[PDB]
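Undergrad: Can you keep this structure in mind? I'll have questions shortly.
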Amino acid sequence: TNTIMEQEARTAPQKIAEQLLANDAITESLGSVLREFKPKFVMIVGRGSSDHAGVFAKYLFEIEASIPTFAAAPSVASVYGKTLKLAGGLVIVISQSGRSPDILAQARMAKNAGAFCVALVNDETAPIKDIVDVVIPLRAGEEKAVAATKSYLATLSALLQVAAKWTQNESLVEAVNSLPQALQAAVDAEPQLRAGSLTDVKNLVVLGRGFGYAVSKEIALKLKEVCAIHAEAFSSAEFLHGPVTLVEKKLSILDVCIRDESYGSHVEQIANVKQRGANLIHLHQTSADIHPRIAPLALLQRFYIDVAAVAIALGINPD
Amino acid sequence: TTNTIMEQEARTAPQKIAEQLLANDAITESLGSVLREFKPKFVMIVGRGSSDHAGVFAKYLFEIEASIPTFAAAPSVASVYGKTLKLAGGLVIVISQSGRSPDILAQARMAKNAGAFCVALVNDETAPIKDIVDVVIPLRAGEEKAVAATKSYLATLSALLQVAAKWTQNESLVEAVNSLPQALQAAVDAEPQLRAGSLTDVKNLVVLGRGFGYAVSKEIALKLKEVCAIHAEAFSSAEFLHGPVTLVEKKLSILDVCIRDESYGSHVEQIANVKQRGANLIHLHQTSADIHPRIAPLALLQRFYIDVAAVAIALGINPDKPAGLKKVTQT
Ligand SMILES: CC(=O)N[C@@H]1[C@@H](O)[C@H](O)[C@@H](COP(=O)(O)O)O[C@@H]1O
Ligand SMILES: CC(=O)N[C@@H]1[C@@H](O)[C@H](O)[C@@H](COP(=O)(O)O)O[C@@H]1O
Ligand SMILES: N[C@@H](CO)[C@@H](O)[C@H](O)[C@H](O)COP(=O)(O)O
Ligand SMILES: N[C@@H](CO)[C@@H](O)[C@H](O)[C@H](O)COP(=O)(O)O
């Protein structure tokens, strides 16, 4: 494919390699601040792909750092005019552009309530840098495609590095170091999502569990954004509590399979909706040696290239 | 009338809630003093399905009315990854009609083991959640026999509101709770809003709301999946523009959840935008009755529950027992 989306997606391994080297000192310093600060919770501020990145941070910081983590509801402030008690907590503002006024207004509120504030932004110069305490630059470069690809993976890579520095888990440190090579391997692997599966498919469900669910939300957003498919992401545990009735009528399901602690639970539910008659399409990791916490990113890196081709086959310009 | 268990159970909700608010006055008054002494750093909500969606209502409620960060637990953190969180000094509310899902129970045990003050809002008095937590607030909705929750969700919201009124002691919230049965009854008596003809030939749609209206939108979208087999997805009307709005390029049905609260201005402006872009709009509203803005979401929903029961019949689904569902689901 010759779209901006695919071209930008293919630069993600090398954009991240430069990011991990360039940010090593920044995130090394931040991890010690967090080890001293000992945040009571982490609140994520962002929209769209950045908000989905925050769902990844929830699983990351709760599993790896034991810190309760969640997403802000911007309307609480911008519509209802309320402040939250955020003293003793960490606020992470995620924004590729980093200049939208809604985003800046919530950063000011978070700082005014006593939170330690960090921003993950692609433009380090934007005025958000004057509000927050620490800026971690995404270093993804300009994103010209409508669909975020590299800027999302660079958000995850920054979150993983902050997590590796903060917790100091050496296993997680090696996974972050292996990220560029793992992503490059994903780019070179064979396609998984093929357009023939998605012909005449107006809506579908993306099923995942754990980190795989967090990446499902981003896959679901991309299916909407570049394929005009009404795709909705569910945890495979949550799907059984009502939504599974849609499998009684024809339903396509995109299965996000991650080889981590969640695998056992997740495959049990994939078998169930399969017996119930759903048309499964299986996404999985791209190489055998990939660390479980990094496997979600490689799956997405592969999906980004494959979904660009699916968009073209459906007559949509993903850009 | 649909003669379904779902509709019948939904119609008992004003009386069930009136009885609940009066029976729980003592326990909820005590909990409010506990919360004023405990001073929670945050509220974490544990639940699935309609109970998880009720927790989204609690987020807007406790954040707007008490300034306490509020959010949903990811049970897999505990039940699959086996981690305990640092929860000392935080409040954990387990919401469950049945009180038996194992991911829910494992997450309650880990919250209790982590030093959090734990509260359960549960309908089934016999459920094992009562043996893990510190305080139980009985929902007092009676047995719910339809698979689709109606009264038990409204009773969850009514308990969350009473807890808020007792904890904050805001006279607005106290008046809102005092007025709730009458608002629910008025909604039961109001004219139907959602009609089956609006949803025939709709395989998927978007529910749009903002604030508390977004919170009830998630429950509406689940009901449309659960009893109408429609792929309904709920979005905030702020969030919808960041990508999902692309679905308006083809024909797209949109269910508009309109709440006459602080969110009204932003929301109606965005409804007008997706209308101009070519979306097929369907409007739900709080009923004409003079409703407190914080009770308006519940009243809209009380109306929707009865009306959706008729949509289910018209689409050939038995809302009481949809083809692939149990009342007590275990994950
Ligand atoms: C749960 C989560 O990951 N994020 C949600 C997001 O999906 C939603 O769109 C937003 C609405 O914001 P609003 O209340 O400002 O409209 O609230 C939350 O942060
Ligand atoms: C309001 C909100 O964002 N709630 C989500 C819920 O939608 C999701 O289904 C669940 C998955 O739990 P799991 O990690 O056990 O699958 O986690 C979160 O609490
Ligand atoms: N372009 C979409 C993602 O592909 C959109 O959802 C995007 O993530 C969001 O609207 C912008 O967020 P930002 O502040 O990170 O740019
Ligand atoms: N029956 C459904 C709601 O109509 C289902 O999603 C339900 O809410 C879910 O299984 C959780 O049930 P609980 O409240 O008994 O925990």
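Chain labels run A, B, ... following the order of the structure tokens; each chain numbers its residues from 1, and ligands are numbered from 1 in the order shown.
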I'd like the neighbourhood of residue 130 (chain A) as a PyMOL selection string, where a residue qualifies if any of its atoms comes within 12 Å (using only C-alpha atoms), though same-chain residues fewer than 2 positions away should be ignored.

TA: chain A and resi 98-99+104+107-108+111+117-119+124-128+132-135

Undergrad: Select residues of chain A: the criterion is any atom within 8 Å of an atom of chain B, counting only C-alpha atoms; output as an NGL selection string.

TA: :A and (40 or 47-48 or 59 or 62-63 or 66-68 or 70-71 or 73 or 75-76 or 79-80 or 82-86 or 203 or 209-210 or 221-222 or 224-225 or 228-230 or 232 or 237-238 or 240-246 or 248-249 or 261-262 or 265)

Undergrad: For the structure I just gave you, how does DSSP split region 104-311 of chain A - specifically, which residues are alpha helix (DSSP H)? Reply as number ranges by chain.

TA: A: 104-112, 150-167, 170-188, 211-227, 263-275, 295-311

Undergrad: Using only C-alpha atoms, which protein or nucleic acid residues come within 12 Å of residue 38 (chain A)? Drop anything in the same chain fewer than 2 positions from it, and give the result as a VMD selection string.

TA: (chain A and resid 30 to 36 40 to 42 65 to 68 87 to 90 115 to 116 166 to 167) or (chain B and resid 86)

Undergrad: Could those residues be written to a file, using N, CA and C atoms, as a PDB file, in the first residue's frame?

TA:
```pdb
ATOM      1  N   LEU A  30      12.626  10.695  36.031  1.00  0.00           N
ATOM      2  CA  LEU A  30      11.226  10.667  36.446  1.00  0.00           C
ATOM      3  C   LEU A  30      10.937   9.486  37.367  1.00  0.00           C
ATOM      4  N   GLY A  31      11.493   8.318  37.049  1.00  0.00           N
ATOM      5  CA  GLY A  31      11.267   7.141  37.872  1.00  0.00           C
ATOM      6  C   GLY A  31      11.695   7.320  39.315  1.00  0.00           C
ATOM      7  N   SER A  32      12.788   8.048  39.544  1.00  0.00           N
ATOM      8  CA  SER A  32      13.221   8.307  40.912  1.00  0.00           C
ATOM      9  C   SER A  32      12.289   9.290  41.610  1.00  0.00           C
ATOM     10  N   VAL A  33      11.813  10.311  40.884  1.00  0.00           N
ATOM     11  CA  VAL A  33      10.821  11.227  41.439  1.00  0.00           C
ATOM     12  C   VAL A  33       9.573  10.464  41.870  1.00  0.00           C
ATOM     13  N   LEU A  34       9.106   9.540  41.024  1.00  0.00           N
ATOM     14  CA  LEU A  34       7.917   8.758  41.346  1.00  0.00           C
ATOM     15  C   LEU A  34       8.187   7.794  42.490  1.00  0.00           C
ATOM     16  N   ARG A  35       9.412   7.262  42.575  1.00  0.00           N
ATOM     17  CA  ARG A  35       9.747   6.376  43.689  1.00  0.00           C
ATOM     18  C   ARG A  35       9.752   7.135  45.003  1.00  0.00           C
ATOM     19  N   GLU A  36      10.081   8.430  44.966  1.00  0.00           N
ATOM     20  CA  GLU A  36       9.993   9.266  46.161  1.00  0.00           C
ATOM     21  C   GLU A  36       8.564   9.753  46.390  1.00  0.00           C
ATOM     22  N   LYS A  40      -0.554   7.981  44.930  1.00  0.00           N
ATOM     23  CA  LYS A  40      -1.667   7.174  45.412  1.00  0.00           C
ATOM     24  C   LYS A  40      -2.480   6.588  44.273  1.00  0.00           C
ATOM     25  N   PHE A  41      -2.436   7.206  43.098  1.00  0.00           N
ATOM     26  CA  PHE A  41      -3.186   6.769  41.931  1.00  0.00           C
ATOM     27  C   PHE A  41      -2.612   7.509  40.729  1.00  0.00           C
ATOM     28  N   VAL A  42      -2.948   7.009  39.540  1.00  0.00           N
ATOM     29  CA  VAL A  42      -2.592   7.639  38.273  1.00  0.00           C
ATOM     30  C   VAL A  42      -3.878   7.926  37.502  1.00  0.00           C
ATOM     31  N   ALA A  65       3.163  -1.766  38.736  1.00  0.00           N
ATOM     32  CA  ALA A  65       3.501  -0.880  39.835  1.00  0.00           C
ATOM     33  C   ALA A  65       2.487  -0.901  40.977  1.00  0.00           C
ATOM     34  N   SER A  66       1.398  -1.669  40.862  1.00  0.00           N
ATOM     35  CA  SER A  66       0.364  -1.794  41.895  1.00  0.00           C
ATOM     36  C   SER A  66      -0.346  -0.475  42.206  1.00  0.00           C
ATOM     37  N   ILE A  67      -0.351   0.483  41.287  1.00  0.00           N
ATOM     38  CA  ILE A  67      -0.944   1.794  41.525  1.00  0.00           C
ATOM     39  C   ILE A  67      -2.277   1.843  40.778  1.00  0.00           C
ATOM     40  N   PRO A  68      -3.398   2.070  41.473  1.00  0.00           N
ATOM     41  CA  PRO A  68      -4.695   2.235  40.798  1.00  0.00           C
ATOM     42  C   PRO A  68      -4.641   3.342  39.751  1.00  0.00           C
ATOM     43  N   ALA A  87      -4.507  15.741  45.130  1.00  0.00           N
ATOM     44  CA  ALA A  87      -3.278  15.788  45.914  1.00  0.00           C
ATOM     45  C   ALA A  87      -2.766  14.382  46.177  1.00  0.00           C
ATOM     46  N   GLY A  88      -1.453  14.192  45.986  1.00  0.00           N
ATOM     47  CA  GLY A  88      -0.819  12.905  46.180  1.00  0.00           C
ATOM     48  C   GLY A  88      -0.962  11.947  45.020  1.00  0.00           C
ATOM     49  N   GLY A  89      -1.586  12.378  43.924  1.00  0.00           N
ATOM     50  CA  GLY A  89      -1.740  11.563  42.741  1.00  0.00           C
ATOM     51  C   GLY A  89      -0.952  12.037  41.537  1.00  0.00           C
ATOM     52  N   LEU A  90      -0.726  11.124  40.599  1.00  0.00           N
ATOM     53  CA  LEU A  90      -0.045  11.443  39.355  1.00  0.00           C
ATOM     54  C   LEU A  90      -1.096  11.647  38.277  1.00  0.00           C
ATOM     55  N   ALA A 115      -1.792  17.800  41.942  1.00  0.00           N
ATOM     56  CA  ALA A 115      -1.250  16.569  41.378  1.00  0.00           C
ATOM     57  C   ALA A 115       0.136  16.816  40.807  1.00  0.00           C
ATOM     58  N   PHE A 116       0.966  15.783  40.853  1.00  0.00           N
ATOM     59  CA  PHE A 116       2.182  15.784  40.056  1.00  0.00           C
ATOM     60  C   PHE A 116       1.779  15.475  38.613  1.00  0.00           C
ATOM     61  N   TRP A 166      10.596   3.398  36.670  1.00  0.00           N
ATOM     62  CA  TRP A 166       9.969   3.602  37.975  1.00  0.00           C
ATOM     63  C   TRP A 166      10.003   2.328  38.816  1.00  0.00           C
ATOM     64  N   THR A 167       9.494   1.225  38.273  1.00  0.00           N
ATOM     65  CA  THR A 167       9.449  -0.006  39.049  1.00  0.00           C
ATOM     66  C   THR A 167      10.827  -0.637  39.170  1.00  0.00           C
TER      67      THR A 167
ATOM     68  N   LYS B  86      -2.333  -1.124  45.614  1.00  0.00           N
ATOM     69  CA  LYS B  86      -2.241  -0.252  46.783  1.00  0.00           C
ATOM     70  C   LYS B  86      -3.557   0.519  46.901  1.00  0.00           C
TER      71      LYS B  86
END
```

Undergrad: Would you work out the distance separating CA of residue 170 (chain A) from CA of residue 186 (chain A), expressed in Å to one decimal?

TA: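 We find that CA of residue 170 (chain A) and CA of residue 186 (chain A) lie 23.5 Å from each other.
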
Undergrad: May I have a table of the residues of chain A lying at most 9 Å from ligand 3, giving each one's closest pair of atoms and their distance in Å to one decimal, counting only C-alpha atoms and all ligand atoms, ordered by chain and ascending residue number, as JSON lines?

TA:
```
{"residue": "A:46", "atom": "CA", "partner": "ligand 3", "partner_atom_place_in_ligand_line": "14 (O)", "distance": 6.2}
{"residue": "A:47", "atom": "CA", "partner": "ligand 3", "partner_atom_place_in_ligand_line": "12 (O)", "distance": 5.1}
{"residue": "A:48", "atom": "CA", "partner": "ligand 3", "partner_atom_place_in_ligand_line": "6 (O)", "distance": 3.1}
{"residue": "A:49", "atom": "CA", "partner": "ligand 3", "partner_atom_place_in_ligand_line": "8 (O)", "distance": 3.5}
{"residue": "A:50", "atom": "CA", "partner": "ligand 3", "partner_atom_place_in_ligand_line": "15 (O)", "distance": 4.8}
{"residue": "A:51", "atom": "CA", "partner": "ligand 3", "partner_atom_place_in_ligand_line": "8 (O)", "distance": 7.4}
{"residue": "A:52", "atom": "CA", "partner": "ligand 3", "partner_atom_place_in_ligand_line": "8 (O)", "distance": 8.3}
{"residue": "A:93", "atom": "CA", "partner": "ligand 3", "partner_atom_place_in_ligand_line": "14 (O)", "distance": 9.0}
{"residue": "A:94", "atom": "CA", "partner": "ligand 3", "partner_atom_place_in_ligand_line": "15 (O)", "distance": 6.0}
{"residue": "A:95", "atom": "CA", "partner": "ligand 3", "partner_atom_place_in_ligand_line": "15 (O)", "distance": 3.3}
{"residue": "A:96", "atom": "CA", "partner": "ligand 3", "partner_atom_place_in_ligand_line": "15 (O)", "distance": 3.6}
{"residue": "A:97", "atom": "CA", "partner": "ligand 3", "partner_atom_place_in_ligand_line": "16 (O)", "distance": 4.5}
{"residue": "A:98", "atom": "CA", "partner": "ligand 3", "partner_atom_place_in_ligand_line": "14 (O)", "distance": 5.7}
{"residue": "A:99", "atom": "CA", "partner": "ligand 3", "partner_atom_place_in_ligand_line": "14 (O)", "distance": 7.5}
{"residue": "A:100", "atom": "CA", "partner": "ligand 3", "partner_atom_place_in_ligand_line": "14 (O)", "distance": 6.8}
{"residue": "A:103", "atom": "CA", "partner": "ligand 3", "partner_atom_place_in_ligand_line": "14 (O)", "distance": 7.3}
{"residue": "A:120", "atom": "CA", "partner": "ligand 3", "partner_atom_place_in_ligand_line": "15 (O)", "distance": 9.0}
{"residue": "A:121", "atom": "CA", "partner": "ligand 3", "partner_atom_place_in_ligand_line": "15 (O)", "distance": 7.6}
{"residue": "A:122", "atom": "CA", "partner": "ligand 3", "partner_atom_place_in_ligand_line": "15 (O)", "distance": 8.4}
{"residue": "A:145", "atom": "CA", "partner": "ligand 3", "partner_atom_place_in_ligand_line": "1 (N)", "distance": 8.3}
{"residue": "A:146", "atom": "CA", "partner": "ligand 3", "partner_atom_place_in_ligand_line": "1 (N)", "distance": 5.4}
{"residue": "A:147", "atom": "CA", "partner": "ligand 3", "partner_atom_place_in_ligand_line": "4 (O)", "distance": 3.6}
{"residue": "A:148", "atom": "CA", "partner": "ligand 3", "partner_atom_place_in_ligand_line": "4 (O)", "distance": 3.8}
{"residue": "A:149", "atom": "CA", "partner": "ligand 3", "partner_atom_place_in_ligand_line": "4 (O)", "distance": 6.9}
{"residue": "A:151", "atom": "CA", "partner": "ligand 3", "partner_atom_place_in_ligand_line": "15 (O)", "distance": 8.0}
{"residue": "A:152", "atom": "CA", "partner": "ligand 3", "partner_atom_place_in_ligand_line": "8 (O)", "distance": 8.0}
{"residue": "A:218", "atom": "CA", "partner": "ligand 3", "partner_atom_place_in_ligand_line": "4 (O)", "distance": 8.3}
{"residue": "A:221", "atom": "CA", "partner": "ligand 3", "partner_atom_place_in_ligand_line": "4 (O)", "distance": 7.2}
{"residue": "A:222", "atom": "CA", "partner": "ligand 3", "partner_atom_place_in_ligand_line": "4 (O)", "distance": 6.5}
{"residue": "A:225", "atom": "CA", "partner": "ligand 3", "partner_atom_place_in_ligand_line": "4 (O)", "distance": 7.0}
{"residue": "A:226", "atom": "CA", "partner": "ligand 3", "partner_atom_place_in_ligand_line": "4 (O)", "distance": 8.8}
```

Undergrad: Could you write out, as a ChimeraX atom specification, all the residues of region 127-259 of chain A that DSSP marks as strand (DSSP E)?

TA: /A:134-137,203-208,230-235,252-256

Undergrad: Please identify all polymer residues within 10 Å of residue 295 (chain A), counting only C-alpha atoms, omitting same-chain residues fewer than 2 positions from it, and present them as an MDAnalysis selection string.

TA: chainID A and resid 175 179 182:183 186 211:212 257:260 284:293 297:301

Undergrad: Atoms to include: N, CA, C and O atoms. Write the selected residues as a short mmCIF file (atom, residue, chain, number, x, y, z; two decimals), in the first residue's frame.

TA:
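Result saved to part-v7.cif:
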```
data_model
loop_
_atom_site.label_atom_id
_atom_site.label_comp_id
_atom_site.auth_asym_id
_atom_site.auth_seq_id
_atom_site.Cartn_x
_atom_site.Cartn_y
_atom_site.Cartn_z
N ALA A 175 12.52 -5.85 28.07
CA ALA A 175 11.43 -5.80 27.09
C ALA A 175 11.40 -4.45 26.37
O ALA A 175 11.25 -4.39 25.15
N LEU A 179 12.09 -3.62 22.29
CA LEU A 179 10.91 -3.10 21.59
C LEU A 179 11.17 -2.81 20.12
O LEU A 179 10.38 -3.25 19.27
N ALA A 182 11.56 -5.96 18.14
CA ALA A 182 10.30 -6.69 18.14
C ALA A 182 9.31 -6.06 17.16
O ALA A 182 8.61 -6.78 16.43
N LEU A 183 9.27 -4.73 17.10
CA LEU A 183 8.37 -4.05 16.18
C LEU A 183 8.81 -4.25 14.74
O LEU A 183 7.98 -4.46 13.85
N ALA A 186 7.68 -7.44 13.59
CA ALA A 186 6.25 -7.42 13.30
C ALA A 186 5.97 -6.84 11.91
O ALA A 186 5.08 -7.32 11.19
N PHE A 211 -4.00 -6.70 28.68
CA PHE A 211 -3.35 -5.80 27.73
C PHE A 211 -3.96 -5.95 26.34
O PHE A 211 -4.09 -4.96 25.60
N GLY A 212 -4.36 -7.17 25.97
CA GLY A 212 -4.99 -7.39 24.68
C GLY A 212 -6.30 -6.65 24.52
O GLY A 212 -6.68 -6.29 23.39
N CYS A 257 -5.33 -12.07 20.50
CA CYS A 257 -4.76 -13.12 21.35
C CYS A 257 -3.37 -12.70 21.83
O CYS A 257 -2.48 -12.42 21.02
N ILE A 258 -3.21 -12.61 23.15
CA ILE A 258 -1.93 -12.27 23.76
C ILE A 258 -1.47 -13.44 24.62
O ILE A 258 -2.22 -13.90 25.49
N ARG A 259 -0.22 -13.87 24.42
CA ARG A 259 0.34 -14.98 25.19
C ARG A 259 0.91 -14.46 26.51
O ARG A 259 2.13 -14.35 26.70
N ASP A 260 0.01 -14.11 27.41
CA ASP A 260 0.41 -13.73 28.76
C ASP A 260 -0.48 -14.47 29.76
O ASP A 260 -1.11 -15.49 29.44
N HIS A 284 -2.54 -12.24 16.39
CA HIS A 284 -1.64 -12.87 17.35
C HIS A 284 -0.26 -12.22 17.23
O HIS A 284 -0.03 -11.36 16.39
N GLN A 285 0.67 -12.65 18.09
CA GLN A 285 1.99 -12.04 18.04
C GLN A 285 2.74 -12.51 16.78
O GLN A 285 2.38 -13.50 16.14
N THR A 286 3.77 -11.76 16.41
CA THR A 286 4.42 -11.95 15.12
C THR A 286 5.67 -12.81 15.16
O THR A 286 6.15 -13.22 14.10
N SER A 287 6.23 -13.07 16.34
CA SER A 287 7.44 -13.88 16.44
C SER A 287 7.44 -14.60 17.79
O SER A 287 6.75 -14.20 18.73
N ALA A 288 8.20 -15.69 17.85
CA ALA A 288 8.13 -16.59 19.01
C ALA A 288 8.76 -16.00 20.27
O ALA A 288 8.29 -16.27 21.38
N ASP A 289 9.87 -15.26 20.13
CA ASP A 289 10.69 -14.81 21.26
C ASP A 289 10.25 -13.48 21.88
O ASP A 289 11.04 -12.86 22.60
N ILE A 290 9.03 -13.05 21.68
CA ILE A 290 8.66 -11.70 22.05
C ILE A 290 8.14 -11.72 23.48
O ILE A 290 7.38 -12.62 23.87
N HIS A 291 8.60 -10.76 24.28
CA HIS A 291 8.18 -10.66 25.67
C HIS A 291 6.68 -10.41 25.78
O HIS A 291 6.13 -9.63 25.00
N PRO A 292 6.01 -11.04 26.75
CA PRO A 292 4.54 -10.89 26.85
C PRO A 292 4.05 -9.46 26.99
O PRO A 292 3.03 -9.13 26.39
N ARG A 293 4.75 -8.59 27.72
CA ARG A 293 4.31 -7.21 27.88
C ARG A 293 4.51 -6.38 26.61
O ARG A 293 3.91 -5.32 26.48
N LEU A 297 2.11 -4.61 21.43
CA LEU A 297 2.56 -3.60 20.48
C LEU A 297 2.87 -4.21 19.11
O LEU A 297 2.48 -3.66 18.08
N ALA A 298 3.53 -5.37 19.09
CA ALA A 298 3.85 -6.00 17.80
C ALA A 298 2.58 -6.38 17.06
O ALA A 298 2.50 -6.26 15.83
N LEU A 299 1.58 -6.90 17.78
CA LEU A 299 0.31 -7.22 17.15
C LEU A 299 -0.30 -5.98 16.50
O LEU A 299 -0.75 -6.01 15.35
N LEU A 300 -0.29 -4.86 17.22
CA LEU A 300 -0.83 -3.63 16.65
C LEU A 300 0.01 -3.14 15.47
O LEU A 300 -0.53 -2.79 14.41
N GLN A 301 1.35 -3.13 15.60
CA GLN A 301 2.22 -2.75 14.49
C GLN A 301 1.88 -3.54 13.23
O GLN A 301 1.86 -2.98 12.12
#
```

Undergrad: Name the residues in contact with residue 14 (chain A) at a cut-off of 10 Å, using only C-alpha atoms, excluding same-chain residues fewer than 5 positions from it; report them as a PyMOL selection string.

TA: chain A and resi 19+140+150+180-181+183-184

Undergrad: For the atom pair atom 3 (C, counted along the ligand's line) of ligand 4 and CA of residue 313 (chain B), what is the interatomic distance in Å to one decimal place?

TA: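 Between these atoms lies a distance of 17.7 Å.
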
Undergrad: Would you compute the distance between CA of residue 57 (chain B) and CA of residue 199 (chain B)? Give it in Å to one decimal.

TA: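 Distance between the two atoms: 25.8 Å.
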
Undergrad: Might you pull out every residue within 7 Å of region 266-276 of chain A, with only C-alpha atoms counted and same-chain residues fewer than 5 positions away left off, and present them as a PyMOL selection string?

TA: chain A and resi 208-209+236+247

Undergrad: Output N, CA, C and O atoms for every residue in the selection just made, as a PDB file, in the first residue's frame.

TA:
```pdb
ATOM      1  N   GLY A 208     -10.693  -8.988  23.432  1.00  0.00           N
ATOM      2  CA  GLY A 208      -9.387  -9.178  24.033  1.00  0.00           C
ATOM      3  C   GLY A 208      -9.538  -9.295  25.534  1.00  0.00           C
ATOM      4  O   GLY A 208     -10.643  -9.203  26.070  1.00  0.00           O
ATOM      5  N   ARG A 209      -8.419  -9.499  26.220  1.00  0.00           N
ATOM      6  CA  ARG A 209      -8.414  -9.584  27.676  1.00  0.00           C
ATOM      7  C   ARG A 209      -7.109  -8.977  28.171  1.00  0.00           C
ATOM      8  O   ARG A 209      -6.079  -9.123  27.510  1.00  0.00           O
ATOM      9  N   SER A 236     -13.194 -10.054  26.805  1.00  0.00           N
ATOM     10  CA  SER A 236     -13.871 -11.329  26.567  1.00  0.00           C
ATOM     11  C   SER A 236     -14.546 -11.864  27.822  1.00  0.00           C
ATOM     12  O   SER A 236     -15.441 -12.711  27.719  1.00  0.00           O
ATOM     13  N   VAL A 247     -24.188 -12.738  18.935  1.00  0.00           N
ATOM     14  CA  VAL A 247     -23.657 -13.887  18.202  1.00  0.00           C
ATOM     15  C   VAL A 247     -24.765 -14.814  17.720  1.00  0.00           C
ATOM     16  O   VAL A 247     -24.499 -15.741  16.951  1.00  0.00           O
TER      17      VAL A 247
END
```
